[PDB]
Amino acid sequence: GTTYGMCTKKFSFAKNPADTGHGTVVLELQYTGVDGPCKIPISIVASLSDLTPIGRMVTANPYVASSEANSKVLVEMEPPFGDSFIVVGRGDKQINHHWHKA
């Protein structure tokens, strides 16, 4: 079927975020789980204490495409001016990467 949940397992940053030539950043994620297809819990936040989404996901609503473990997904994003964190996963699964834009 096509009833997909949020991915339940940890991701890793397979390649750390890098700037494009059009004012965005791209980040390669690797998914450790086998519950794909599943929706990636990714957002950009002001701090780890307030996970209100800010910034802009350019690759919006990305999915892990497969139940195969260690699948990779590339996400393009536009962090806000100033400080933010890219956060993937929730609770004890959460990984984070700080970003500063001047």
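Note that residue numbering begins at 1 and tracks the sequence as displayed.
Trainee: Which one of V26, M57, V45, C38 shows the biggest C-alpha B-factor in the PDB entry?
Mentor: In this record, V26 carries the highest C-alpha B-factor of the candidates.
Trainee: Taking the entry's C-alpha B-factors for this chain, is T20 in the lowest, middle or highest third?
Mentor: Top third by C-alpha B-factor.
Trainee: Among the modelled residues of this chain, does the Cα B factor of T52 put it in the lowest, middle or highest third?
Mentor: It belongs to the middle third of the chain when residues are ordered by C-alpha B-factor.
Trainee: Against its chain's modelled residues, does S66's Cα B factor rank lowest, middle or highest third?
Mentor: Answer is highest: the recorded C-alpha B-factor places it there.
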